[PDB]
Each structure stands twice: as C-alpha cells, then as structure tokens.
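Report on one structure; see the data block that follows.
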Amino acid sequence: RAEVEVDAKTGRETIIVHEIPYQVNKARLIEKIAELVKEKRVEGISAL
DNA sequence: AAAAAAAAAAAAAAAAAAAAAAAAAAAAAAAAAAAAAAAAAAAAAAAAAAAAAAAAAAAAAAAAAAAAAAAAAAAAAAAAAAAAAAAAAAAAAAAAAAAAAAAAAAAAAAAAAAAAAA
C-alpha cells in the first residue's frame with residue numbers, strides 16, 4: 001500500500017507506505033532505500 | 001542476454017565474550033639504604049745505602065736405598081658403533097612510516113517561499 005499525498009499549500013508531494021509485503025523486514029527495506037538513494041539508483045528522494 | 005555469487009526465509013548442528021563483588025597470590029615497576037668505585041688532600045713503611053759479618057755449597061769417600069731387568073698376572077684405557085644436548089645459519093614476521101580515497105566545513109550566489117506595503 002502506497003499513496004501519493006500532496007499538501008494543499010505547497011506542491012511538494014510525499015509517498016506514504018501504509019503496509020508492506022509478507023516476510024519483509026521494515027528496517028532492511030529502509031536501509032535498502034537509503035543505499036539506493038546514496039548510490040543514485042533512484043531519483044527524486046528528498047527524505048526518508 | 002548468459003554465468004556466477006550474496007542474501008533471506010526456518011528448523012537443525014556447534015561454539016564465544018564483557019562486567020560486579022572480596023581476599024589471596026604473583027609480576028613489575030618505583031624510592032631508598034647500602035656498599036664498590038673514583039678524585040683529591042696529608043701522611044709513613046720500604047728501598048736505598050753502607051759497613052760488617054758468618055752459614056751452607058765444595059770437596060774427600062763409604063754405603064744403603066735405589067731404578068733397570070726378569071717374571072707373573074690383573075685388567076684401565078682407546079677406538080668403533082650408537083644415542084642425546086646444545087648452539088650458529090638462515091629465513092620469517094608485526095608494527096610502522098608512507099601513500100591514496102572519502103567525510104565534514106565552507107561560504108558565492110540563486111530558486112523558491114513567506115510576509116507585508118500602498
């Protein structure tokens with residue numbers, strides 16, 4: 001589950017992951033996302 | 001686009017380490033008595049020096065313990081086999097100076113934003 005929320009005032013968007021798959025570690029997922037951002041694999045991640 | 005290797009799921013096998021608390025011993029590093037050793041003073045037994053002397057090597061010569069000869073017999077030591085102790089020769093090594101790659105601070109300047117003036 002992953003929506004794309006947009007604030008009323010500013011146009012900047014955010015992705016909110018409500019749920020994750022089965023037998024997936026949340027900490028390892030976040031570490032993988034951070035590694036992808038540091039290695040410039042994924043483009044457009046402002047924060048995490 | 002093919003090959004190869006990591007990693008993660010869950011039941012299995014098998015291990016490892018840090019501290020507290022008291023009382024005794026064992027290493028290991030220091031002050032501090034205590035005695036060799038060394039520098040620099042005065043001080044005092046020994047060599048010198050000389051005259052004077054008498055105790056032991058020479059010399060005669062007998063004789064009595066001796067070192068070579070003979071014999072028998074016992075068996076220490078030497079050289080050849082093996083089997084251990086203990087030391088130079090040579091090579092290896094762990095920290096350790098040298099080099100190279102990544103993290104944090106820096107401001108110049110502008111995009112976007114927030115806020116307010118007339």
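The numbers here are math on the coordinates, done by the rules we state, and not lab data.
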Would you mind classifying chain A by shape? Square roots of the alpha carbon gyration tensor eigenvalues, ordered a ≥ b ≥ c; an a/c under 1.5 is rounded, otherwise it is prolate if a/b is larger than b/c and oblate if not.
oblate
Segment A:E5-A:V17, extension gain: residue separation times 0.36 nm, minus the distance between their alpha carbons
3.3 nm
Suppose the chain between A:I45 and A:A27 were pulled fully straight at 0.36 nm per residue; how much longer would it get relative to their current alpha carbon spacing?
4.7 nm
Karplus-derived 3J(HN,Hα) from phi for the range A:7-24 (6.51 cos²θ - 1.76 cosθ + 1.60, θ = phi - 60°), whole Hz, x at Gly and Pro, runs 6, 5, 6, 8, x, 5, 9, 9, 10, 10, 8, 6, 9, 9, x, 7, 6, 10
